[PDB]
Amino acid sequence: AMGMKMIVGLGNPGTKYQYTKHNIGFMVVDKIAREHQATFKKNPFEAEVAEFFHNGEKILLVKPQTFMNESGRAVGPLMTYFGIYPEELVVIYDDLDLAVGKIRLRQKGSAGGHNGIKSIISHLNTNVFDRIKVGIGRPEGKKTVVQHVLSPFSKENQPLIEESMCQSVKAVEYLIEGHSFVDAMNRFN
């Protein structure tokens, strides 16, 4: 009766992209799935979905399989399916305006035109929903953005992205446990 939570990790499908910075959201929800012994299953709305319970509450972990720029084609229908509202979402994605090793929690924004957030906004017709922005490092300029996001983390940076993935998992846990998102912002920002 407390409702559900739906944690959506953004990324591109396929082995081509599974280790790229643009897939940090997938990587985080994979870690949460392992933490809870939860398995991703094919879902009919272009997504992989894992489920587990936390003291009676169903938690859904979602990896859209639409490609990043079409993520809302999974998220919108899933919310309909599960009877979930924007307040039950947490979207985890890569932030090119934040350093590797850092996260930031916010409840509103258009993510500087990030194509996954844009798709979600398009489908939900709102930019108001909880998100965990996982820093992937600022690029040199617009010319290098795509290569930046569609390449792996550097060997040198891998320990630091592992740290921010861990903080991201902790932040999700703190929310699942019923703390307000504003309290989570105060704790993790």
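Residue numbers here begin at 1 and follow the sequence given.
Averaged over C-alpha atoms, is the B-factor higher for 22-30 or for 42-50 in this PDB entry?
Result of the comparison: 42-50.
Should the higher mean CA B-factor in the entry be assigned to 130-138 or to 54-62?
That would be 54-62.
Is residue 14 in the lowest, middle or highest third of its chain when residues are ranked by C-alpha B-factor?
For residue 14, whose C-alpha B-factor we compare with every modelled residue in the chain, the answer is the middle third.
Going by the recorded CA B-factors, say which third of the chain residue 164 sits in, lowest, middle or highest.
For residue 164, whose C-alpha B-factor we compare with every modelled residue in the chain, the answer is the lowest third.
Splitting the chain's C-alpha B-factors into thirds, which one does residue 7 fall into?
Its C-alpha B-factor, which the entry lists for residue 7, ranks in the lowest third among residues of this chain.
Just say lowest, middle or highest third for the CA B-factor of residue 113 relative to the other modelled residues in its chain.
Highest third of the chain for residue 113's C-alpha B-factor.
Sort the modelled residues of this chain by their C-alpha B factor and say whether residue 77 lands in the lowest, middle or highest third.
Residue 77: CA B-factor falls in the middle third of its chain.
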